[PDB]
């Protein structure tokens with residue numbers, strides 16, 4: 001539908017196409033600009049305020065890309081890493097909300113692996129009380145104290 | 001009858017097996033008796049979703065009962081949201097880079113419509129296998145290595161549950177050039193950091209395509225990052241017996257190899273038929289060396305065309321048959337076809353006993369019928385790099401068997417063993433006889449023998465040594481007495 005509207009905008013005639021949209025459609029509008037060669041100014045958005053991850057979508061290497069990604073590439077991993085590094089941490093748990101495109105942790109974990117720190121990673125459910133009582137259903141005292 | 005088929009220039013094996021499946025199914029005696037399956041030949045750059053949409057729209061202009069594709073997730077999603085505008089059924093045979101473990105595409109696709117895409121390969125369920133394997137080994141620390149192609153949204157729920165197990169993890173990107181990666185890790189890390197990395201590699205999980213896994217394992221061996229001082233796990237759907245035996249050749253330490261299995265006739269030679277239904281031995285018999293060189297997407301394509309043939313036959317049997325609509329895209333006449341949704345329903349309620357077993361779809365349109373098989377290394381003096389089936393996993397039963405029985409044991413339950421004894425109070429006494437034969441025994445030695453027989457479950461055949469003496473050597477090399485019966489091996 002976003003591609004169909006962009007094509008109707010091209011039928012109206014435009015110098016460039018803006019979007020403010022999710023990756024799921026952003027890559028299709030990119031493929032449209034890859035066929036139509038109309039510029040595509042892409043602004044990314046995310047649900048529920050969940051942190052942003054680069055779309056990383058499968059797009060051709062054979063041709064120039066008309067996508068102008070206005071929100072920047074993922075820098076967040078070094079921002080995490082500087083804080084994790086300064087406090088002399090050796091063990092931590094990552095948490096993410098149920099909507100997170102968890103791929104934004106990737107190079108952070110790659111750089112912590114070179115430091116070797118102990119990691120854990122977990123979803124936080126939309127019912128946190130149900131999740132924590134699922135801990136009581138799934139952990140012993142020894143598990144809960146290691147947690 | 002007409003079907004849309006779309007493939008990447010690298011996915012030609014799927015077109016070739018679509019043609020092979022049409023070649024078999026046009027010879028079927030009972031399914032589509034009056035009809036033939038057909039498609040218009042097409043190839044695209046799988047990384048140009050607009051070209052794929054353009055071809056799918058041209059196929060739906062030609063008119064099709066369903067669309068089939070095997071293509072990258074952005075293209076598959078563009079075909080999905082096209083089917084959301086067209087209501088033509090889309091059947092998606094997922095593939096991944098070199099066979100990297102199959103995370104789903106898992107698009108945020110709008111809930112405003114029923115999902116007209118049916119994923120013929122099942123949702124992600126490897127994660128609970130990895131969880132139950134780690135729960136067997138109880139690893140207090142381990143590492144996950146995933147390739148740059150794997151979407152960690154597959155291991156996501158495995159990580160979540162391991163967190164709910166309170167056990168530590170490590171992770172790193174395996175780059176497309178393992179040689180550059182590992183030489184960088186040697187040349188640039190601190191000495192203690194490299195020791196931590198090697199020690200962390202002693203408990204490790206591979207989540208990468210076979211060619212990349214084979215590279216990582218080989219480079220680890222040539223560099224000797226770790227050796228037999230490790231326990232490793234490898235899991236994928238695509239691990240044929242040749243790739244099993246090559247991973248057993250390349251891998252090191254004690255290894256778990258976890259691979260898909262299917263609801264099919266257990267004996268391989270039976271799998272080529274389902275009564276009057278018949279399949280070519282070029283596909284159905286993975287005892288054929290060529291069939292061992294198939295890719296599993298071949299099987300899912302074949303089962304997809306079988307499914308569509310049976311759905312069309314059911315639509316004929318239902319007398320629901322009607323002439324196809326002609327549809328168009330990005331035009332003010334563009335609207336969906338109700339007959340497309342009717343075929344979607346006929347596929348979703350329909351099903352077939354394919355080479356991947358019974359093929360059907362859940363409420364979300366994923367195939368539910370996942371199963372896994374577990375092999376592993378069993379080193380032994382008869383075997384060297386021995387291998388045996390350690391178990392299986394499915395969500396119905398969890399892990400079948402155990403990964404940790406150590407080895408085969410000489411456990412003696414139900415064995416019959418021949419025993420010799422001699423009298424001495426309170427060590428050994430005899431208290432009943434029949435036909436000149438001792439029959440009942442007691443005393444501390446016999447009490448210990450009774451405890452042994454009770455726990456180990458073997459039955460004894462005690463006799464008193466026939467010369468009753470405690471044994472002494474004869475000069476001819478024979479032995480008498482209690483010892484003699486053992487030296488002669490008359491008693492065990």
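Where a number appears in this text, it was derived from the coordinates with a stated rule and is not lab data. Note that each Cβ is placed from the backbone with ideal geometry, even for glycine, and that neighbours are counted across all protein chains shown.
Tabulated values for the structure
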{"item": "Label-point separation in nm, residue B:408 to residue B:479, each point 7 Å along Cα→Cβ", "result": "2.9"}
{"item": "Packing-based exposure ordering (other Cβ within 10 Å, fewest first) of A:37, B:2, B:90", "result": "A:37, B:2, B:90"}
{"item": "Cβ-derived FRET efficiency at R0 22 Å, residue B:278 paired with residue B:321, nearest 0.05", "result": "0.30"}
{"item": "Protection proxy ranking of B:51-61, B:470-480 - average other beta-carbon atoms within 10 Å, highest first", "result": "B:51-61, B:470-480"}
{"item": "Helix B:296-317 vs. chain B, principal-axis angle (Cα, 0 to 90°, nearest 10)", "result": "60"}
{"item": "Shielding by partners, peptide B:77-89 (average Cβ within 10 angstrom, other chains)", "result": "2"}
{"item": "Extended-chain gain in nm, criterion 0.36 nm per residue less alpha-carbon gap, residue A:60 and residue A:15", "result": "13.8 nm"}
{"item": "Cβ-derived FRET efficiency at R0 56 Å, residue B:382 paired with residue B:330, nearest 0.05", "result": "0.25"}
{"item": "Normalised contact order of chain A, rounded percent, pairs of Cα under 8 Å and 6 or more residues apart", "result": "19"}
{"item": "The protein assembly as shown: antiparallel DSSP beta bridges as a percent of all, rounded to 5", "result": "35"}
{"item": "Chain B, relative contact order [Cα under 8 Å, separation at least 6], %", "result": "14"}
{"item": "Nearest 10 degrees, 0 to 90: helix A:23-36 Cα axis against chain A principal axis", "result": "30"}
{"item": "For segment A:62-138 and segment B:1-64, distance of Cα centres in Å", "result": "41"}
{"item": "Mean residue ellipticity (222 nm) of chain B, computed from DSSP H runs ≥ 4 via -39,500 (n - 2.57), nearest 500", "result": "-10500 deg cm²/dmol"}
{"item": "Relative intensity, log₁₀ I(q)/I(0), of the protein assembly as shown from a Debye sum that treats every alpha carbon as a point, q = 0.07, 0.08, 0.11 Å⁻¹", "result": "-0.58, -0.72, -1.16"}
{"item": "Simple label model, 7 Å out from Cα along Cβ direction - residue B:110 to residue B:179, nm", "result": "4.9"}
{"item": "Inter-site label distance for residue B:397 and residue B:470 at 7 Å from Cα along Cβ, in nm", "result": "5.5"}
{"item": "Likely footprinting exposure, B:359, B:449, B:79, fewest C-beta neighbours within 10 Å first", "result": "B:449, B:359, B:79"}
{"item": "Number of partner chain Cβ atoms within 10 Å, mean per residue of B:148-157", "result": "3"}
{"item": "Test item: B:45-56 mean partner chain Cβ contacts at 10 Å", "result": "5"}
{"item": "Order of B:453, B:280, A:113, A:98 - criterion: other Cβ atoms within 10 Å of each residue's Cβ, fewest first", "result": "A:98, B:280, B:453, A:113"}
{"item": "Stretch gain in nm, segment residue B:98-residue B:486, where the contour uses 0.36 nm per residue and the Cα spacing is subtracted", "result": "133.4 nm"}
{"item": "Cα pair distances in segment B:53-191, grouped into 5 Å bins until the bin that holds the longest one, percent each", "result": "2, 8, 15, 15, 13, 13, 11, 8, 6, 4, 3, 1, 0, 0"}
{"item": "Ranked by how many other beta carbons lie within 10 Å on average, peptides B:70-78, B:292-300 from highest", "result": "B:70-78, B:292-300"}
